[PDB]
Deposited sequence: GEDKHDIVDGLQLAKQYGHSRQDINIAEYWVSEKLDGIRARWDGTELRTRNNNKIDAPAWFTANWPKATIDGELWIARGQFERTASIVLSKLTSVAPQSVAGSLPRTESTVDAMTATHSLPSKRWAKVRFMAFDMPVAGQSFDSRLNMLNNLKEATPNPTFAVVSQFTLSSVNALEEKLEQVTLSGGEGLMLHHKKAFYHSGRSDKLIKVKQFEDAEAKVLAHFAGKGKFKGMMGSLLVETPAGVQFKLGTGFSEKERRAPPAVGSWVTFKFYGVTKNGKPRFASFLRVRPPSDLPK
């Protein structure tokens, strides 16, 4: 019923009281909105799911994360986005981990309660609800994040209990993810496109372990002019690695 989607703000952007938030593990899946009749992605591309996958689901609008287990994103994205054309029974171990309803004028605590009500009244086990728990100190958050990360999880999500749904980013829905640093030697330059015409678009870097990947973001516009010369070393941040061990969401930090 609400127009735009409520996006999640990064943690560092100290001041919040965690006790006022529902905490839940961020599931590295595919976002999907349940139309009551149809599933659709973040940008409203139809998801071609089997009829049994949605059989007996509620007749309401629900936002959820199509998810199997931790560290199964690439495979999950292969099942969900592919057209369905009983072969293509790959949805067997997929679930719809609902986490919110886009209802206007009601606290997330109430929407969560409604979600749990809809699950008990739904015979299909594909319809699930993300587990919501409570933390106290910021230290408790840091330790839980570490544990989840080491256990293969992607991160944590914080949703304010007494907050109403509203599009955009705010402290009502916060996103928590870990990241590490690493070094790599630049092997080549790649010309940028669009506004970065005649400028550096990305760098073919390589890690000491022999993993090569293109580092294409994090540079200021001045850094793109006269970029790190080939043969030098650069430090980049990343959020884990892919199936092929390549850094994910990598961005440039500083040289040396």
| query | finding |
| --- | --- |
| Parts of the chain sequence, as deposited, that carry no C-alpha coordinates in this structure | 1-6, 20-21, 94-119, 291-297 |
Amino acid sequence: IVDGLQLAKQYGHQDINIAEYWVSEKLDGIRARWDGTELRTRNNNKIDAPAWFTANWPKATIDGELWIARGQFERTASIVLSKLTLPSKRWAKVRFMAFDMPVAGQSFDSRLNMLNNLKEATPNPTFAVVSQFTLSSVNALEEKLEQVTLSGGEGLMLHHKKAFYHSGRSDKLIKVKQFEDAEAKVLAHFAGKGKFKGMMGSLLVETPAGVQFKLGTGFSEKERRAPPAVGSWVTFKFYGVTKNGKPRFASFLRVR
From here on, numbers count along this sequence of modelled residues.
item: Comparing 147-155 with 180-188, the one whose average Cα B-factor in the PDB entry is higher; value: 180-188
item: Of 27-35 and 192-200, the stretch whose C-alpha atoms average the higher B-factor in the entry; value: 192-200
item: From 136, 78, 126, 131, residue of greatest CA B-factor; value: 136
item: Options 230, 47, 55, 68 - largest CA temperature factor per the record; value: 55
item: Residue 64, C-alpha B-factor rank within chain (lowest, middle or highest third); value: middle
item: Cα B factor band for residue 255 (lowest, middle or highest third within the chain); value: highest
item: Modelled-residue ranking by C-alpha temperature factor, third containing residue 16; value: highest
item: Ranked against its chain, the third holding the CA B-factor of residue 208; value: highest
item: Entry-reported Cα temperature factor of residue 106, expressed as the chain third it lands in; value: highest
